[PDB]
There are 2 protein chains.
Amino acid sequence: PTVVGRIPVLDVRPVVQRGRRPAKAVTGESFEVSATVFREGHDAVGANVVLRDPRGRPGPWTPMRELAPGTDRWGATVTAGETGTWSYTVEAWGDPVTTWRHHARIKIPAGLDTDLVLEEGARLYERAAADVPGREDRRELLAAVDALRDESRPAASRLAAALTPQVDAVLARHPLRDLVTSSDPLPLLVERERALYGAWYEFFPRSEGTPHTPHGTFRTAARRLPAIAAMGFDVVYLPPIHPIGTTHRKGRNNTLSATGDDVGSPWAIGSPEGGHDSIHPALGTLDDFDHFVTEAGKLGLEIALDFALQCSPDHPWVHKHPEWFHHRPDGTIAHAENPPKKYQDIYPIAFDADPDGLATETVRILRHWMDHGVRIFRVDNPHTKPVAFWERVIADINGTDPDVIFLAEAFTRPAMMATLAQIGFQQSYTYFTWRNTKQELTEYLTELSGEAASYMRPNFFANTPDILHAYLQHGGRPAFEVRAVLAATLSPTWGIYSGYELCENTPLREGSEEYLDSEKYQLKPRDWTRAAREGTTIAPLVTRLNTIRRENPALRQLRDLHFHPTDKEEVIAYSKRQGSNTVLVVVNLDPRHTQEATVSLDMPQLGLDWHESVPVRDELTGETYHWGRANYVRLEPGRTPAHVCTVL
Amino acid sequence: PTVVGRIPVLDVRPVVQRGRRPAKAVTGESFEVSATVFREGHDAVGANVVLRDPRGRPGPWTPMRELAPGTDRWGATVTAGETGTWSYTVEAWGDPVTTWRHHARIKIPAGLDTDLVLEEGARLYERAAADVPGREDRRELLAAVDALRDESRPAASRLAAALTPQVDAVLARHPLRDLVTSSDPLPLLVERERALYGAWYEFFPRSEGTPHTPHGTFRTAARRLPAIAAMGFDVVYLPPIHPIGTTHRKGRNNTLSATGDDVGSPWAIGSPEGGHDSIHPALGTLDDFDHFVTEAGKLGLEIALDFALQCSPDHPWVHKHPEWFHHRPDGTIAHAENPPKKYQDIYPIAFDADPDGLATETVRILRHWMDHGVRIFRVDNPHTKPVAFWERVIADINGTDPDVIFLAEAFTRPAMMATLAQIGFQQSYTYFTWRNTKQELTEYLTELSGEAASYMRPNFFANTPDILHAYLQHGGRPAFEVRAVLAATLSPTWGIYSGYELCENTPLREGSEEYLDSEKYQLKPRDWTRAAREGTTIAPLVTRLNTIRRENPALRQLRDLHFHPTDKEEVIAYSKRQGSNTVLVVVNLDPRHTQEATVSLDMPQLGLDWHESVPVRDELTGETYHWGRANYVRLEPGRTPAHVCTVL
Ligand SMILES: O=P(O)(O)CN1[C@H](CO)[C@@H](O)[C@H](O[C@H]2O[C@H](CO)[C@@H](O)[C@H](O)[C@H]2O)[C@H]1CO
Ligand SMILES: O=P(O)(O)CN1[C@H](CO)[C@@H](O)[C@H](O[C@H]2O[C@H](CO)[C@@H](O)[C@H](O)[C@H]2O)[C@H]1CO
């Protein structure tokens, strides 16, 4: 058997790790399948993509086209249906009809071998008709044959009969394919919509307490949920909800020694009160948690729990499973680190003594939370645990529960980030917060929406409790508005950490990306009602952005994205399209000065002619404009950061 | 089982078609194996390449290095040994000793639990010691352990004892490797030297006849061979040596109708006198051919026969095997074409009728000529025959006779050229003749010496009987000299077609790359003794260049090639290196005007420091210069077309 088939079809894409891992999609998501296709000699080829579902059923007729002259690179758009494991192949074939048409269009007006040429055509159309299932279509082709086979008609008329629109249409749906040759199947993993699309909100339940009881419970915190749903979020991410260690507990502002009533870091998981399968007592009971999850569900909110595979010195595992830790010669355990960050309040897990036990317990914990309605897990620092560990665990869980979504919080080097996405993580944190210039945003989103989209789904958190970027520190509220517009419109999944709405932007110190008085080490009660009343929140803008996303399919996908040139470095423009839905966004990245620029739109990417002029509506303001190949903007920081426009 | 191992090792290169075909090398050839390597956490990693020969024997320990900071791409040079099918794997591992040294070098002068750190090191070196086979190396490590375990000595001294060069050297040879994780093996095909390296000469035996017998025989043509060997060529390529058809035979200058004693195209193979396994009667007998091959061998010349899978209308197959041709409805067979070229004197083969018969007869023919000492075949237009046909034939032949070399004459699109190389062709023709500017040469050779070298070996014919480039037409002898230097020094394999050294450069008509009075359609007697006597030939230069190649290993490999900047578009500079041998070449691409320029050498690429000044000798003249980071050169057409310099 040969590696190359009768008609060469090579380098089918997307492909992940030479086919040992699946490419990714979600229900209803479109993407391009491509291949290198050609044959020997000078005759024509055709090609088509055959997509098969988990039950083995082939998809619709899906012909490919050469993507650029002389490249032999062919492609077509496909769309994923029901969730599950699909497969796809590319079929390549000789296209004798196209070749015959090519020669005939030349030879008939030249009187060259006309009887012979027309007869060759008749014999081809006969073969074509042989494989057409519908009887009227078949008869249409046989009628073409018969007209071709008629020496009483002029050569030009005989040829013309072979060139009618109805014939073109039949051959379009059921072409005569010579020597059909197939690629080897590639795996495609189709997961649910929320894996790609959703708006996330992070907050600390313990901060949402009462005057009488400052430490919030699930019962008290659930009162915040309606406000979160009203802002249009779909997923709530909670920091670890388990008991917190006392030994080496951190004090306020990440100080080494807790004093008095310091509450410590949620990531310092575990005490005699229980471990990762337990709830912090100040939060309430398992029944209270169930209540919280239910109220969230009623409001259209899914819960994402933090999973941080590490533990405090007081965690039961420390004495129950000593071999789950690396011990120095005196038996002591060094606290965990991810330099230059130090985590004096926790021990790291060692994975090479009892990998089976660690995996088994991990999936036991996960399956526990899944039993209590948690179908999403935000995984802390997975890059400091073995890659194959996550591969195994995720495979186990999704093996039984494919709806479960895992989000990789890996701010690290590109190789590790990519590998983690490839082995099963449904979503990944990204370099987004560190991409603020037009060049940074454009290059990075070009990357994310490009080849990487075949294995990675980005979750754009505009901030996190560990990351307050300088852009926001120096820029204030207009910057929050800009970053919100950007995050919300560039990724089908985005998120913020509570306080972002209030434009909280005071750093621990100059040069730091930490918050002053960080919520990680102390309760941080917020007067939401007052902020709302005094209008010092961008919650309305957040709500509008999520509504716009909910009303415009173009913003609920990733791969279709195009940047348009402007004449100002501070002003960026880009468009996203999904079916007949087109959204155009123009953002002023300068949070301090009014910026005017001319935007020169790439009209064919919008599906328009260069001379054409089209009506747009700015969904942030309701204003309408008429935009063409050259458009003036128009952006004043504070009054408006950006246009988020739909094409009318 | 997981796709990723304990220590990730990913995207191992070189790789051909995702592992379904082998990467290529020849005996003695070095190339880089690379991989993406990293681990969880922050500890150091190490990596090494394992080459296993056809009997499964591993090569030496071959450690990798990170090729660039922060990229996680690691690489090492390996060298191929005996011919056959090899395999290679990359091993990745934790490097705990490197990690420990890093931490210890900081912590010990600082006084941070130094007893503990030194004990960790001692226990580590004990582990490292356990694996070392050598007794003395073992004693050296255990001595380091004991010095580490000596609280009577200063901490800095205990640590210093662990850092001596002797110890570095031991761990450098037998490092302590944690959690060794291997890639899946990739195949490497090692073929004989001549597959990569050799000088080729094409000529028509029929032109070397006598006053009394104008049509040459193998016995008369054999008298031309000494001069060819004297020019330093290793391989002689003969156009088809079979009987030539009479039906529709072409006349002189590619005219439609032969008249009189017109000799026709050698590529119009076959008559009732015999087919592809027979010899043209005017050339003599099989015995005469055996004599020719023997005399060539005596002179150190190998024969490459043209294999052109096509037929004159008089070929026996036409009536013996009608199904090997595509017939039109009137039973006639359309003549072959390669648009816009027309081959009115031949029929093309049809392959999907009796594929086995065609393959069987092809390999039968090849084995016939192999039995008469032909171990190289130059294959005509393989891209107009099915790719899998060649894959099959070459696999079949090399399965029994791995020394046989196939050269693909496929001037076509890049995808086909690459695929043909990848499926088994030992050598490929290239776009060389159409790369004449500095930009063209640099970019194309960058391509060929880069990733493509994993599957393709270039044969630089500076001309062929079908290609007389405009550069040569307008430039005359100095241009022939330039292209000779370029071809001979840029590829380890190059060639010319007879008459090149005479600077034959008259085209068929303006705008053509065909020769006037082409040898393809007529006897072309040349008075070689006279040409030599009158000095109107660059045969001595050819001889000199081949001598330089034979004397300088740098020119007998492909992959090591670097271009150095000059301040003139018309002046190109590049270096090639193999071990301690370095060749530096500077070429004036202007064949009409003296050019002077400054050549600024990239000294690290030469293995020299930026301040160094090095003696070089131009092997074309014997002249010596002293060159450094910036050098004046003056190159004069007709006198000094180029410098071909050796270092020291
Ligand atoms: O490196 P990163 O992943 O960005 C930080 N990780 C989490 C991100 O999800 C942070 O919440 C957390 O860092 C906090 O918690 C640590 C231990 O609980 C503290 O030592 C540190 O003082 C604080 O910052 C730590 C968890 O693993
Ligand atoms: O397309 P290319 O491969 O470069 C042309 N093929 C050979 C090269 O290997 C050429 O020598 C050869 O073209 C010659 O032979 C033809 C038929 O024998 C003639 O029609 C043409 O008049 C002549 O030129 C033809 C063979 O296959």
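Each answer follows from the model by the rule given with it, or from the source it names; nothing here is a laboratory result. Don't worry about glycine lacking a Cβ; one is built from the backbone with ideal geometry, like all the others, and counts go over all protein chains shown.
Brief remarks follow.
- Within the stretch A:359-385, considering residues that are more than 16 Å from ligand 1 (Cβ to nearest atom) and without any contact (Cβ under 8 Å) to a residue 40 or more places away in the chain, the one surrounded by the fewest Cβ atoms within 10 Å (Cβ to Cβ): A:371
- So residue A:156, is it under 30 Å from residue A:6 (Cα atoms), out of contact with any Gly (no Cβ under 9 Å at 6 or more places or on another chain), exposed (fewer than 13 other Cβ atoms within 10 Å of the Cβ) and not polar (S, T, N, Q): no
- Selection count where residues are without any contact (Cβ under 8 Å) to a residue 40 or more places away in the chain, touching a helix residue (DSSP H, G or I) at 6+ places or on another chain (Cβ under 9 Å) and either among the hydrophobic types (A, V, I, L, M, F, W, C) or within 14 Å of chain B (Cβ to nearest Cβ) (or both), scope the stretch A:392-408: 7
- Residue count for the stretch A:340-358 satisfying the condition of being in contact with a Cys (Cβ under 7 Å, 6 or more places away or on another chain) and in contact (Cβ under 8 Å) with a residue 40 or more places away in the chain: 1.
- Pairing residues of the stretch A:66-91 that are more than 26 Å from residue A:401 (Cα to Cα) with residues that are surrounded by fewer than 18 Cβ atoms within 10 Å (Cβ to Cβ) and of a type in the set (S, T, N, Q), at Cβ distances under 6 Å and at least 6 apart in sequence or on separate chains, gives A:77/A:30; A:89/A:182; A:91/A:182.
Residue-by-condition table, conditions (1) surrounded by fewer than 22 Cβ atoms within 10 Å (Cβ to Cβ); (2) within 16 Å of ligand 2 (Cβ to nearest atom):
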position: B:509; (1), (2): yes, yes
position: B:515; (1), (2): no, yes
position: B:540; (1), (2): yes, no
position: B:545; (1), (2): no, no
position: B:556; (1), (2): yes, no
position: B:564; (1), (2): yes, no
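- Close contacts from the stretch B:6-17, counting a first residue that is more than 8 Å from chain A (Cβ to nearest Cβ) and a second that is in a loop (DSSP other than H, G, I, E, B), with Cβ to Cβ under 7 Å and a gap of 6+ residues or different chains, come to B:7/B:39; B:9/B:183; B:12/B:183; B:16/B:22; B:16/B:455.
- Search result, residues across the stretch A:457-499 that are within 16 Å of ligand 1 (Cβ to nearest atom), touching a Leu at 6+ places or on another chain (Cβ under 9 Å) and farther than 17 Å from residue A:304 by Cβ: A:468
- Within the stretch B:337-358, the set of residues being surrounded by 15 or more Cβ atoms within 10 Å (Cβ to Cβ), within 10 Å of chain A (Cβ to nearest Cβ) and within 20 Å of residue B:265 (Cβ to Cβ) comprises B:337, B:338, B:348.
- Subset of the stretch A:622-648 (residues that are in a loop (DSSP other than H, G, I, E, B) and within 28 Å of the chain's Cα centre (by Cα)): A:640, A:641, A:648
- Scan of the stretch A:259-272 for residues that are over 18 Å from residue A:215 (Cα atoms) and more than 16 Å from ligand 1 (Cβ to nearest atom), ordered by number: A:272
- Flag for residue B:214 being away from chain A (no Cβ under 14 Å) and in contact (Cβ under 8 Å) with a residue 12 or more places away in the chain: yes
- Being within 10 Å of ligand 2 (Cβ to nearest atom), closer than 17 Å to residue B:306 by Cβ and not hydroxyl-bearing (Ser, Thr, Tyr) is a property that residue B:245 has.
- Among the residues of the stretch B:37-51, those that are over 21 Å from residue B:104 (Cα atoms), aliphatic (A, V, I, L, M) and within 14 Å of chain A (Cβ to nearest Cβ) comprise B:37, B:47.
- From the list B:519, B:447, the lone residue that is charged (D, E, K, R) and either within 16 Å of ligand 2 (Cβ to nearest atom) or under 15 Å from residue B:200 (Cα atoms) (or both) is B:519.
- Out of B:526, B:577, B:592, sole residue that is in contact (Cβ under 8 Å) with a residue 12 or more places away in the chain and either under 30 Å from residue B:192 (Cβ atoms) or within 16 Å of ligand 2 (Cβ to nearest atom) (or both): B:577
- Options B:286, B:256, B:225; residue that is touching a residue at least 12 places away in the same chain (Cβ under 8 Å), in contact with a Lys or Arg (Cβ under 8 Å, 6 or more places away or on another chain), in the same structural domain as residue B:200 (by CATH) and away from ligand 1 (no atom under 16 Å from the Cβ): B:256
- Lone qualifier among A:350, A:304 - being away from ligand 2 (no atom under 16 Å from the Cβ), in a loop (DSSP other than H, G, I, E, B) and under 34 Å from the mean Cα position of the chain (by Cα): A:350
- Residue match in the stretch A:370-383 (condition: within 13 Å of another protein chain (Cβ to nearest Cβ) and touching a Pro at 6+ places or on another chain (Cβ under 6 Å)): no
- Residue A:419 assigned to a loop (DSSP other than H, G, I, E, B) and under 14 Å from residue B:38 (Cβ atoms): no
- Enumerated helices (runs of 4 or more DSSP H) restricted to the stretch B:109-165, each holding at least 3 residues that are within 22 Å of residue B:179 (Cα to Cα): B:114-131
- Residue A:524 passes every criterion in (1) within 16 Å of ligand 1 (Cβ to nearest atom); (2) more than 22 Å from residue A:252 (Cβ to Cβ) apart from (2).
- Flag for residue A:84 being in contact with a helix residue (DSSP H, G or I) (Cβ under 9 Å, 6 or more places away or on another chain), more than 14 Å from every other protein chain (Cβ to nearest Cβ) and closer than 24 Å to residue A:185 by Cβ: no
- Flag if residue B:297 is touching a strand residue (DSSP E or B) at 6+ places or on another chain (Cβ under 9 Å), within 21 Å of residue B:202 (Cα to Cα) and surrounded by fewer than 14 Cβ atoms within 10 Å (Cβ to Cβ): yes
- Tallying residues that are assigned to a loop (DSSP other than H, G, I, E, B) and touching a helix residue (DSSP H, G or I) at 6+ places or on another chain (Cβ under 6 Å) within the stretch A:242-272 yields 2.
- So residue B:358, is it closer than 30 Å to residue B:202 by Cβ, of a type in the set (A, V, I, L, M, F, W, C) and in a helix (DSSP H, G or I): yes
- No other residue among B:237, B:197 is touching a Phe, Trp or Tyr at 6+ places or on another chain (Cβ under 9 Å), surrounded by 22 or more Cβ atoms within 10 Å (Cβ to Cβ) and touching a residue at least 12 places away in the same chain (Cβ under 8 Å) apart from B:237.
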